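This is entry_11.cif (mmCIF, C-alpha atoms).
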```cif
data_final
#
loop_
_atom_site.label_atom_id
_atom_site.label_comp_id
_atom_site.auth_asym_id
_atom_site.auth_seq_id
_atom_site.Cartn_x
_atom_site.Cartn_y
_atom_site.Cartn_z
CA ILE A 622 12.73 3.37 -26.53
CA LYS A 623 13.29 7.06 -25.74
CA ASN A 624 15.12 7.48 -29.07
CA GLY A 625 12.01 6.31 -30.94
CA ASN A 626 13.78 3.31 -32.51
CA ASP A 627 11.36 0.52 -31.61
CA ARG A 628 12.63 -1.72 -34.43
CA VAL A 629 15.93 -2.35 -32.62
CA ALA A 630 14.11 -3.08 -29.36
CA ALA A 631 12.41 -6.05 -31.05
CA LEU A 632 15.78 -7.76 -31.49
CA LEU A 633 16.77 -7.03 -27.88
CA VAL A 634 13.55 -8.39 -26.36
CA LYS A 635 13.91 -11.45 -28.62
CA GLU A 636 17.28 -12.06 -26.94
CA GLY A 637 15.86 -11.65 -23.43
CA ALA A 638 15.92 -7.93 -22.67
CA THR A 639 14.33 -6.75 -19.42
CA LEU A 640 13.36 -3.14 -18.68
CA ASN A 641 14.41 -2.61 -15.06
CA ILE A 642 14.74 0.92 -13.66
CA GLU A 643 15.23 2.17 -10.12
CA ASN A 644 12.18 3.82 -8.51
CA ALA A 645 10.05 2.80 -11.48
CA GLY A 646 6.92 4.14 -9.77
CA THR A 647 8.31 7.67 -9.77
CA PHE A 648 9.48 7.34 -13.38
CA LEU A 649 6.12 5.95 -14.53
CA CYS A 650 4.34 8.79 -12.69
CA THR A 651 6.19 11.77 -14.19
CA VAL A 652 5.81 10.56 -17.80
CA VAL A 653 2.06 11.24 -17.83
CA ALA A 654 2.70 14.66 -16.26
CA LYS A 655 4.56 15.78 -19.40
CA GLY A 656 1.75 14.45 -21.60
CA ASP A 657 4.07 12.21 -23.65
CA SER A 658 1.36 9.88 -24.91
CA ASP A 659 3.58 8.48 -27.66
CA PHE A 660 6.41 7.76 -25.21
CA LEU A 661 4.07 6.02 -22.76
CA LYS A 662 2.70 3.72 -25.47
CA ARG A 663 6.13 2.18 -26.09
CA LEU A 664 6.70 1.63 -22.35
CA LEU A 665 3.86 -0.86 -21.88
CA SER A 666 4.95 -2.60 -25.10
CA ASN A 667 8.03 -3.81 -23.19
CA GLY A 668 5.96 -5.59 -20.52
CA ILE A 669 6.97 -3.24 -17.71
CA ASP A 670 4.78 -3.50 -14.61
CA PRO A 671 2.37 -0.52 -14.42
CA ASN A 672 1.41 -1.22 -10.78
CA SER A 673 4.58 0.33 -9.34
CA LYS A 674 4.08 2.94 -6.63
CA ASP A 675 6.20 5.93 -5.65
CA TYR A 676 7.54 6.81 -2.20
CA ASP A 677 4.06 8.08 -1.29
CA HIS A 678 2.51 4.82 -2.58
CA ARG A 679 0.65 6.38 -5.51
CA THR A 680 0.05 4.24 -8.59
CA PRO A 681 -0.08 5.88 -12.04
CA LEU A 682 -3.87 5.53 -11.84
CA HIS A 683 -3.84 8.15 -9.06
CA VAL A 684 -1.96 10.82 -11.02
CA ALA A 685 -3.86 10.11 -14.25
CA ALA A 686 -7.20 10.67 -12.51
CA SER A 687 -5.97 13.86 -10.84
CA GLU A 688 -4.41 15.21 -14.05
CA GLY A 689 -7.80 15.05 -15.81
CA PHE A 690 -6.48 13.22 -18.88
CA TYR A 691 -8.81 10.89 -20.78
CA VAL A 692 -6.51 9.57 -23.53
CA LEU A 693 -3.72 8.74 -21.08
CA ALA A 694 -6.11 7.10 -18.60
CA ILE A 695 -7.73 4.96 -21.32
CA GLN A 696 -4.39 3.40 -22.27
CA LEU A 697 -3.43 3.06 -18.60
CA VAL A 698 -6.76 1.37 -17.81
CA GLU A 699 -6.11 -1.12 -20.62
CA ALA A 700 -2.95 -2.18 -18.77
CA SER A 701 -5.20 -3.37 -15.90
CA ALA A 702 -3.06 -2.10 -13.01
CA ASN A 703 -5.34 -2.35 -9.94
CA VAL A 704 -8.83 -0.87 -9.53
CA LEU A 705 -8.75 1.10 -6.26
CA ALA A 706 -5.59 1.02 -4.13
CA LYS A 707 -5.31 3.19 -1.03
CA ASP A 708 -2.38 5.61 -0.94
CA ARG A 709 -0.51 7.11 2.02
CA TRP A 710 -3.23 9.76 2.31
CA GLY A 711 -5.79 6.95 2.06
CA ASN A 712 -7.48 8.11 -1.16
CA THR A 713 -8.37 5.52 -3.79
CA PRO A 714 -7.79 6.43 -7.46
CA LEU A 715 -11.51 5.94 -8.18
CA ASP A 716 -12.40 8.52 -5.52
CA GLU A 717 -9.82 10.93 -6.94
CA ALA A 718 -11.31 10.60 -10.43
CA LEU A 719 -14.79 11.51 -9.18
CA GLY A 720 -13.47 14.47 -7.19
CA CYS A 721 -11.40 15.78 -10.10
CA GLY A 722 -14.43 15.86 -12.42
CA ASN A 723 -14.41 15.12 -16.16
CA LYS A 724 -17.73 13.29 -16.21
CA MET A 725 -17.02 12.27 -19.81
CA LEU A 726 -13.95 10.37 -18.59
CA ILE A 727 -15.20 9.74 -15.04
CA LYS A 728 -17.91 7.41 -16.35
CA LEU A 729 -15.33 5.64 -18.52
CA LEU A 730 -12.98 5.40 -15.53
CA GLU A 731 -15.83 4.14 -13.34
CA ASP A 732 -16.77 1.58 -16.00
CA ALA A 733 -13.13 0.52 -16.28
CA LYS A 734 -12.89 0.30 -12.49
CA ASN A 735 -16.13 -1.70 -12.37
CA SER A 736 -14.80 -4.08 -15.03
CA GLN A 737 -11.54 -4.45 -13.10
CA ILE A 738 -13.47 -5.00 -9.85
CA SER A 739 -15.67 -7.61 -11.55
CA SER A 740 -12.61 -9.54 -12.75
CA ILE B 622 28.09 16.59 -5.06
CA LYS B 623 27.49 13.00 -6.21
CA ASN B 624 30.95 11.80 -5.15
CA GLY B 625 31.16 14.17 -2.17
CA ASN B 626 34.04 16.24 -3.61
CA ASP B 627 33.12 19.41 -1.74
CA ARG B 628 36.53 20.93 -2.52
CA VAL B 629 35.81 20.85 -6.26
CA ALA B 630 32.17 21.82 -5.66
CA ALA B 631 33.16 24.93 -3.69
CA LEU B 632 35.50 25.99 -6.51
CA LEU B 633 32.65 26.06 -9.04
CA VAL B 634 30.50 28.13 -6.68
CA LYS B 635 33.22 30.79 -6.42
CA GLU B 636 33.80 30.70 -10.19
CA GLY B 637 30.05 30.74 -10.87
CA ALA B 638 27.86 27.64 -10.99
CA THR B 639 24.35 26.46 -10.22
CA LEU B 640 22.25 23.29 -10.17
CA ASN B 641 19.96 22.89 -13.19
CA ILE B 642 18.08 19.59 -12.79
CA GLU B 643 14.78 18.72 -14.45
CA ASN B 644 11.99 18.05 -11.94
CA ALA B 645 13.86 19.60 -9.03
CA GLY B 646 10.96 19.05 -6.63
CA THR B 647 10.54 15.41 -7.65
CA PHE B 648 14.29 14.74 -7.47
CA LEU B 649 14.76 16.40 -4.07
CA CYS B 650 11.97 14.47 -2.33
CA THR B 651 13.34 11.22 -3.76
CA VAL B 652 16.67 11.81 -2.00
CA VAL B 653 15.05 12.21 1.42
CA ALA B 654 13.24 8.89 0.90
CA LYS B 655 16.51 6.95 1.18
CA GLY B 656 17.53 8.86 4.31
CA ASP B 657 20.93 10.31 3.42
CA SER B 658 21.70 13.62 5.14
CA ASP B 659 25.18 14.71 4.03
CA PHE B 660 24.30 14.35 0.34
CA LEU B 661 21.43 16.85 0.55
CA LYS B 662 23.10 19.07 3.17
CA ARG B 663 25.71 20.16 0.63
CA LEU B 664 22.96 20.52 -1.98
CA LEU B 665 21.41 23.41 -0.04
CA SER B 666 24.84 25.07 -0.02
CA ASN B 667 24.60 25.35 -3.82
CA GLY B 668 21.34 27.32 -3.72
CA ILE B 669 18.83 24.59 -4.60
CA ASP B 670 15.26 25.53 -3.74
CA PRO B 671 13.99 23.46 -0.78
CA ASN B 672 10.36 24.43 -1.48
CA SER B 673 10.23 23.12 -5.06
CA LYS B 674 6.93 21.34 -5.67
CA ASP B 675 6.64 17.85 -7.14
CA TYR B 676 3.99 16.50 -9.52
CA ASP B 677 1.63 16.31 -6.52
CA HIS B 678 2.71 19.73 -5.17
CA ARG B 679 4.33 17.98 -2.20
CA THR B 680 7.22 19.75 -0.49
CA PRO B 681 10.20 17.69 0.74
CA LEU B 682 9.15 18.72 4.26
CA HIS B 683 5.97 16.66 3.81
CA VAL B 684 7.97 13.60 2.74
CA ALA B 685 10.40 13.93 5.65
CA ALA B 686 7.70 14.59 8.26
CA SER B 687 5.19 11.95 7.12
CA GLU B 688 7.70 9.08 7.10
CA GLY B 689 9.29 10.21 10.37
CA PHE B 690 12.51 11.96 9.40
CA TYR B 691 13.49 14.33 12.22
CA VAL B 692 17.15 15.28 11.71
CA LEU B 693 16.37 16.10 8.07
CA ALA B 694 13.39 18.31 8.99
CA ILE B 695 15.51 20.82 10.92
CA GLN B 696 17.97 20.92 8.00
CA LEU B 697 15.19 21.79 5.54
CA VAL B 698 13.77 24.57 7.73
CA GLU B 699 17.31 25.92 8.13
CA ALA B 700 17.04 26.97 4.46
CA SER B 701 14.01 29.20 5.16
CA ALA B 702 11.64 26.52 3.86
CA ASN B 703 7.96 27.42 3.97
CA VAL B 704 5.97 25.58 6.63
CA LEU B 705 2.43 26.78 5.73
CA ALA B 706 2.46 24.96 2.38
CA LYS B 707 -0.34 22.72 1.12
CA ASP B 708 -0.42 19.48 -0.85
CA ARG B 709 -2.58 18.58 -3.86
CA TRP B 710 -5.38 17.34 -1.60
CA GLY B 711 -4.59 20.04 0.98
CA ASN B 712 -2.48 19.48 4.09
CA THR B 713 0.03 21.57 6.02
CA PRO B 714 3.43 19.98 6.77
CA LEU B 715 2.90 20.75 10.46
CA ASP B 716 -0.52 19.09 10.32
CA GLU B 717 0.94 16.08 8.50
CA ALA B 718 3.69 15.74 11.12
CA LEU B 719 1.12 16.09 13.91
CA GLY B 720 -1.20 13.63 12.17
CA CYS B 721 1.47 10.93 12.08
CA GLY B 722 2.23 11.48 15.77
CA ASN B 723 5.57 12.63 17.17
CA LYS B 724 6.10 14.73 20.29
CA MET B 725 9.55 15.91 19.20
CA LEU B 726 8.40 16.75 15.66
CA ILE B 727 5.28 18.55 16.89
CA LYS B 728 7.39 20.90 19.02
CA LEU B 729 9.72 21.50 16.07
CA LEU B 730 6.72 22.06 13.78
CA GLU B 731 5.21 24.45 16.33
CA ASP B 732 8.49 26.38 16.44
CA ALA B 733 8.51 26.48 12.64
CA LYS B 734 4.86 27.56 12.68
CA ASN B 735 5.71 30.30 15.18
CA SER B 736 8.49 31.54 12.89
CA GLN B 737 6.07 31.68 9.96
CA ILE B 738 3.53 33.57 12.08
CA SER B 739 6.22 35.98 13.26
CA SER B 740 7.60 36.29 9.71
CA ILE C 622 36.92 8.48 7.23
CA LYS C 623 37.48 12.04 8.46
CA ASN C 624 37.69 13.49 4.93
CA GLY C 625 35.24 10.97 3.46
CA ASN C 626 37.86 9.27 1.24
CA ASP C 627 36.07 5.93 1.19
CA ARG C 628 38.20 4.80 -1.77
CA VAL C 629 41.37 5.05 0.31
CA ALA C 630 39.56 3.65 3.36
CA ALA C 631 38.44 0.55 1.47
CA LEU C 632 42.02 -0.08 0.35
CA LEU C 633 43.26 -0.25 3.94
CA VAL C 634 40.49 -2.68 4.89
CA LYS C 635 41.53 -5.07 2.11
CA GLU C 636 45.22 -4.66 3.01
CA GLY C 637 44.45 -5.02 6.73
CA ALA C 638 43.45 -2.14 8.99
CA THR C 639 41.32 -1.37 12.03
CA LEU C 640 40.19 1.59 14.13
CA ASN C 641 42.15 1.93 17.39
CA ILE C 642 40.76 4.98 19.20
CA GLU C 643 40.99 5.62 22.93
CA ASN C 644 37.58 5.85 24.64
CA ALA C 645 35.69 4.29 21.75
CA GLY C 646 32.37 4.44 23.60
CA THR C 647 32.87 8.08 24.58
CA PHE C 648 33.95 9.04 21.05
CA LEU C 649 31.15 7.16 19.27
CA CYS C 650 28.35 8.71 21.34
CA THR C 651 29.81 12.15 20.61
CA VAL C 652 29.39 11.52 16.87
CA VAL C 653 25.61 11.20 17.16
CA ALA C 654 25.46 14.43 19.20
CA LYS C 655 25.96 16.59 16.11
CA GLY C 656 23.79 14.27 14.01
CA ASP C 657 26.00 13.54 10.99
CA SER C 658 24.75 10.46 9.15
CA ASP C 659 27.44 9.79 6.53
CA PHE C 660 30.36 9.91 8.98
CA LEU C 661 29.21 7.22 11.42
CA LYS C 662 27.74 5.01 8.68
CA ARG C 663 31.19 4.37 7.21
CA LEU C 664 32.57 3.83 10.73
CA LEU C 665 30.54 0.62 11.09
CA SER C 666 31.99 -0.56 7.77
CA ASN C 667 35.43 -0.67 9.44
CA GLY C 668 34.31 -2.98 12.25
CA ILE C 669 33.95 -0.49 15.10
CA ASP C 670 31.93 -1.78 18.05
CA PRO C 671 28.50 -0.07 18.20
CA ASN C 672 27.91 -1.32 21.77
CA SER C 673 31.03 0.23 23.32
CA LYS C 674 30.20 1.70 26.73
CA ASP C 675 31.11 5.22 27.79
CA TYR C 676 32.21 6.45 31.22
CA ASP C 677 28.56 6.22 32.32
CA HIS C 678 28.07 2.84 30.58
CA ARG C 679 25.79 4.54 28.04
CA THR C 680 25.39 2.92 24.63
CA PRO C 681 25.13 5.14 21.52
CA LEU C 682 21.58 3.82 21.13
CA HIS C 683 20.62 5.58 24.37
CA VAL C 684 22.06 8.89 23.15
CA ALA C 685 20.32 8.65 19.78
CA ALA C 686 16.97 7.54 21.23
CA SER C 687 16.83 10.00 24.14
CA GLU C 688 17.35 13.14 22.05
CA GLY C 689 15.18 11.86 19.20
CA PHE C 690 17.55 10.58 16.52
CA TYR C 691 15.47 8.19 14.40
CA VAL C 692 17.44 7.65 11.18
CA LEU C 693 20.54 6.86 13.25
CA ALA C 694 18.70 4.32 15.43
CA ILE C 695 18.03 1.96 12.52
CA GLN C 696 21.67 2.31 11.45
CA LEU C 697 22.92 1.25 14.90
CA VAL C 698 20.61 -1.77 15.16
CA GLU C 699 21.74 -2.76 11.65
CA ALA C 700 25.14 -3.59 13.22
CA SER C 701 23.59 -6.15 15.61
CA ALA C 702 23.65 -3.64 18.46
CA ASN C 703 22.25 -4.88 21.76
CA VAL C 704 18.87 -3.43 22.70
CA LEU C 705 18.54 -4.89 26.23
CA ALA C 706 21.46 -2.84 27.57
CA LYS C 707 21.41 -0.86 30.82
CA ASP C 708 22.84 2.50 31.84
CA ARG C 709 24.74 3.39 35.02
CA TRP C 710 21.49 4.18 36.84
CA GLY C 711 19.69 1.40 34.96
CA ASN C 712 17.54 1.95 31.87
CA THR C 713 16.87 -0.01 28.69
CA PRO C 714 17.30 1.83 25.37
CA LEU C 715 13.75 0.81 24.42
CA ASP C 716 12.46 2.15 27.75
CA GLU C 717 14.39 5.40 27.27
CA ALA C 718 12.95 5.83 23.78
CA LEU C 719 9.46 5.05 25.09
CA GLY C 720 9.96 7.38 28.05
CA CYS C 721 10.78 10.33 25.80
CA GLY C 722 7.71 9.61 23.66
CA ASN C 723 7.77 8.72 19.97
CA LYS C 724 5.29 6.48 18.15
CA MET C 725 7.71 5.72 15.31
CA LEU C 726 10.61 5.00 17.66
CA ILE C 727 8.48 2.82 19.95
CA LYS C 728 7.53 0.56 17.04
CA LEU C 729 11.18 0.38 15.96
CA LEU C 730 12.23 -0.32 19.56
CA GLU C 731 9.54 -3.01 19.84
CA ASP C 732 10.84 -4.61 16.63
CA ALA C 733 14.37 -4.46 18.04
CA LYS C 734 13.09 -5.89 21.33
CA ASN C 735 11.36 -8.70 19.41
CA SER C 736 14.62 -9.50 17.61
CA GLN C 737 16.45 -9.67 20.95
CA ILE C 738 13.75 -11.94 22.38
CA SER C 739 13.87 -14.16 19.29
CA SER C 740 17.70 -14.10 19.32
#
```
Target format structure tokens, applied to this file:
Amino acid sequence: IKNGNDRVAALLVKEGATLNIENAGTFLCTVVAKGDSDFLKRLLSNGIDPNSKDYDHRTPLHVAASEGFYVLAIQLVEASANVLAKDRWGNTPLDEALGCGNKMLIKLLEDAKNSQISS
Amino acid sequence: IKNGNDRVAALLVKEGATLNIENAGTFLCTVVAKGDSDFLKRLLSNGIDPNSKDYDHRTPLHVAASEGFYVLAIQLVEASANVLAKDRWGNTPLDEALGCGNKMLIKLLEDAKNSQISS
Amino acid sequence: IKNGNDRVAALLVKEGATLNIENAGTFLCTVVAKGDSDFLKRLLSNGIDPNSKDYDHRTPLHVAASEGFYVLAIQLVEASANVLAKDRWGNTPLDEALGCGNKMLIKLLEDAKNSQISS
């Protein structure tokens, strides 16, 4: 995946390939920090769980809201990985999105959270 | 350092060597999550920064103090680690240790706070 | 174990070896005094008794809990160490940990006490 050769990965997943990595929550949290949107798109194509949390119990929804990224959050919201999960500090990702700002993306995040809460 | 070969590690220090790891703050706070002490004790002997910030600007002192690591906290402050730091939301490591609740850690944090005040 | 050569240590275990040290209780409780975590962890892998009594009939759990060693306490109880022990004057390790004062240690001691009650 990191080499950009997704064609080979199709054969592997057809044979029963599983993407298991230690401390996946930390790995899935630092990818959005670098802004590698293309790299992140291939990750969810492998069926990896996006609800993993780091040592501080922070889902990728928390960092995406704090980072103020709209494109990354839109793809992450499509994965449907929780709506509002309390962290060690006790702050829900929805609350972090409102505090961070970005009303253009805050409304989209709120609508995505409302849709997730409705389901 | 990974295999504990301090004899070989000390040779490189004399001949000239340093630790160049991507996401030093993120990597260092992950080590303290497991709880190993000897692995990171020799790391500080190679000149690694103990105050490196993670993606959430969280010092390893915050990780050690919040979970309840005590023997590791004194090791970190032995490397002149800052104690008046703040997190992304805003919280001092001494306040975080006091918030969790530990008489022994509060006294150690107060001593660290006194050292910072004395400077 | 002294030099950390676990590779050589594991060979002796397979070929047949054991630790025969005079005053095992006195020696073991001295290990936790300095606070090294890697040294005593491999000791339990060789079958050393974690409940060996010292000259004052003090278990290593009492030494770790009284001073405030938390990461070592979970290591000792991982070797099926007794938690309802008594000292020469008479004091449970859970009571000693509670007497010193530690919210994290009290919960761990209560969990250890629950395991002893469940048996």
Using all atoms listed in the file, which chain B residues lie at most 9 Å away from chain A, written as a list in words?
residues 644, 647, 650, 651, 654, 676, 677, 684 and 710 of chain B
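Interatomic distance, CA of residue 642 in chain A against CA of residue 652 in chain B: 16.1 Å.
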Care to translate the PyMOL selection byres ((chain C and resi 706) around 10) into actual residues of this file, as a PDB file with C-alpha atoms, keeping the file's coordinate frame?
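Writing done, so here's out-v7.pdb:
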```pdb
ATOM      1  CA  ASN C 672      27.910  -1.320  21.770  1.00  0.00           C
ATOM      2  CA  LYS C 674      30.200   1.700  26.730  1.00  0.00           C
ATOM      3  CA  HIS C 678      28.070   2.840  30.580  1.00  0.00           C
ATOM      4  CA  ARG C 679      25.790   4.540  28.040  1.00  0.00           C
ATOM      5  CA  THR C 680      25.390   2.920  24.630  1.00  0.00           C
ATOM      6  CA  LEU C 682      21.580   3.820  21.130  1.00  0.00           C
ATOM      7  CA  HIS C 683      20.620   5.580  24.370  1.00  0.00           C
ATOM      8  CA  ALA C 702      23.650  -3.640  18.460  1.00  0.00           C
ATOM      9  CA  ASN C 703      22.250  -4.880  21.760  1.00  0.00           C
ATOM     10  CA  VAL C 704      18.870  -3.430  22.700  1.00  0.00           C
ATOM     11  CA  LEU C 705      18.540  -4.890  26.230  1.00  0.00           C
ATOM     12  CA  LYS C 707      21.410  -0.860  30.820  1.00  0.00           C
ATOM     13  CA  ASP C 708      22.840   2.500  31.840  1.00  0.00           C
ATOM     14  CA  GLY C 711      19.690   1.400  34.960  1.00  0.00           C
ATOM     15  CA  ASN C 712      17.540   1.950  31.870  1.00  0.00           C
ATOM     16  CA  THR C 713      16.870  -0.010  28.690  1.00  0.00           C
ATOM     17  CA  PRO C 714      17.300   1.830  25.370  1.00  0.00           C
ATOM     18  CA  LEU C 715      13.750   0.810  24.420  1.00  0.00           C
TER      19      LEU C 715
END
```
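Closest to residue 724 in chain A among A:686, A:629, A:698, A:661 is A:686, based on only C-alpha atoms.
For the pair CA of residue 733 in chain C and CA of residue 660 in chain B, the separation is 27.7 Å.
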Selection result of the PyMOL selection byres ((chain B and resi 727) around 12) on this file, as a short mmCIF file (atom, residue, chain, number, x, y, z; two decimals) with C-alpha atoms, in the coordinates of the input:
```cif
data_model
loop_
_atom_site.label_atom_id
_atom_site.label_comp_id
_atom_site.auth_asym_id
_atom_site.auth_seq_id
_atom_site.Cartn_x
_atom_site.Cartn_y
_atom_site.Cartn_z
CA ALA B 686 7.70 14.59 8.26
CA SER B 687 5.19 11.95 7.12
CA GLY B 689 9.29 10.21 10.37
CA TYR B 691 13.49 14.33 12.22
CA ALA B 694 13.39 18.31 8.99
CA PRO B 714 3.43 19.98 6.77
CA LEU B 715 2.90 20.75 10.46
CA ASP B 716 -0.52 19.09 10.32
CA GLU B 717 0.94 16.08 8.50
CA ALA B 718 3.69 15.74 11.12
CA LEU B 719 1.12 16.09 13.91
CA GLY B 720 -1.20 13.63 12.17
CA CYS B 721 1.47 10.93 12.08
CA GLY B 722 2.23 11.48 15.77
CA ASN B 723 5.57 12.63 17.17
CA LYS B 724 6.10 14.73 20.29
CA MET B 725 9.55 15.91 19.20
CA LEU B 726 8.40 16.75 15.66
CA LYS B 728 7.39 20.90 19.02
CA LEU B 729 9.72 21.50 16.07
CA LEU B 730 6.72 22.06 13.78
CA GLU B 731 5.21 24.45 16.33
CA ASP B 732 8.49 26.38 16.44
CA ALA B 733 8.51 26.48 12.64
CA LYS B 734 4.86 27.56 12.68
CA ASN B 735 5.71 30.30 15.18
CA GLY C 722 7.71 9.61 23.66
CA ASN C 723 7.77 8.72 19.97
#
```
Got a minute to add N, CA, C and O atoms to range 675-690 of chain A and dump it as an mmCIF file, in the frame of the given file?
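File produced: part-v6.cif:
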```cif
data_model
loop_
_atom_site.group_PDB
_atom_site.id
_atom_site.type_symbol
_atom_site.label_atom_id
_atom_site.label_comp_id
_atom_site.auth_asym_id
_atom_site.auth_seq_id
_atom_site.Cartn_x
_atom_site.Cartn_y
_atom_site.Cartn_z
ATOM 1 N N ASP A 675 5.114 5.036 -6.023
ATOM 2 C CA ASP A 675 6.200 5.930 -5.650
ATOM 3 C C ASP A 675 6.447 5.851 -4.145
ATOM 4 O O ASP A 675 5.930 4.976 -3.447
ATOM 5 N N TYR A 676 7.257 6.780 -3.628
ATOM 6 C CA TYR A 676 7.540 6.810 -2.200
ATOM 7 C C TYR A 676 6.288 7.091 -1.377
ATOM 8 O O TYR A 676 6.189 6.649 -0.228
ATOM 9 N N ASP A 677 5.327 7.816 -1.944
ATOM 10 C CA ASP A 677 4.060 8.080 -1.290
ATOM 11 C C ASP A 677 3.019 7.003 -1.560
ATOM 12 O O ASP A 677 1.863 7.155 -1.148
ATOM 13 N N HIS A 678 3.405 5.928 -2.249
ATOM 14 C CA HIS A 678 2.510 4.820 -2.580
ATOM 15 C C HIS A 678 1.326 5.304 -3.415
ATOM 16 O O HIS A 678 0.161 5.170 -3.038
ATOM 17 N N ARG A 679 1.650 5.884 -4.569
ATOM 18 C CA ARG A 679 0.650 6.380 -5.510
ATOM 19 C C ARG A 679 0.898 5.719 -6.861
ATOM 20 O O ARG A 679 1.927 5.959 -7.499
ATOM 21 N N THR A 680 -0.047 4.886 -7.289
ATOM 22 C CA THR A 680 0.050 4.240 -8.590
ATOM 23 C C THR A 680 -0.207 5.264 -9.694
ATOM 24 O O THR A 680 -0.766 6.335 -9.446
ATOM 25 N N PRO A 681 0.209 4.960 -10.927
ATOM 26 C CA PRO A 681 -0.080 5.880 -12.040
ATOM 27 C C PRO A 681 -1.558 6.140 -12.252
ATOM 28 O O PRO A 681 -1.911 7.142 -12.885
ATOM 29 N N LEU A 682 -2.436 5.266 -11.754
ATOM 30 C CA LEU A 682 -3.870 5.530 -11.840
ATOM 31 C C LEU A 682 -4.252 6.751 -11.011
ATOM 32 O O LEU A 682 -5.192 7.475 -11.358
ATOM 33 N N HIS A 683 -3.539 6.991 -9.908
ATOM 34 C CA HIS A 683 -3.840 8.150 -9.060
ATOM 35 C C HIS A 683 -3.546 9.453 -9.792
ATOM 36 O O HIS A 683 -4.389 10.357 -9.832
ATOM 37 N N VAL A 684 -2.349 9.571 -10.372
ATOM 38 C CA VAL A 684 -1.960 10.820 -11.020
ATOM 39 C C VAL A 684 -2.780 11.046 -12.291
ATOM 40 O O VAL A 684 -3.146 12.182 -12.612
ATOM 41 N N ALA A 685 -3.082 9.973 -13.027
ATOM 42 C CA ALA A 685 -3.860 10.110 -14.250
ATOM 43 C C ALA A 685 -5.258 10.652 -13.959
ATOM 44 O O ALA A 685 -5.768 11.509 -14.692
ATOM 45 N N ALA A 686 -5.892 10.157 -12.894
ATOM 46 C CA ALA A 686 -7.200 10.670 -12.510
ATOM 47 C C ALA A 686 -7.129 12.126 -12.082
ATOM 48 O O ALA A 686 -7.994 12.932 -12.444
ATOM 49 N N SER A 687 -6.104 12.484 -11.305
ATOM 50 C CA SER A 687 -5.970 13.860 -10.840
ATOM 51 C C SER A 687 -5.622 14.813 -11.980
ATOM 52 O O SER A 687 -6.084 15.959 -11.989
ATOM 53 N N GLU A 688 -4.815 14.362 -12.943
ATOM 54 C CA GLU A 688 -4.410 15.210 -14.050
ATOM 55 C C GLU A 688 -5.555 15.525 -15.010
ATOM 56 O O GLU A 688 -5.415 16.429 -15.840
ATOM 57 N N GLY A 689 -6.672 14.811 -14.916
ATOM 58 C CA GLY A 689 -7.800 15.050 -15.810
ATOM 59 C C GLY A 689 -7.517 14.732 -17.258
ATOM 60 O O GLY A 689 -7.962 15.471 -18.146
ATOM 61 N N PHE A 690 -6.789 13.653 -17.524
ATOM 62 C CA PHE A 690 -6.480 13.220 -18.880
ATOM 63 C C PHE A 690 -7.285 11.976 -19.208
ATOM 64 O O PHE A 690 -7.284 11.010 -18.438
#
```
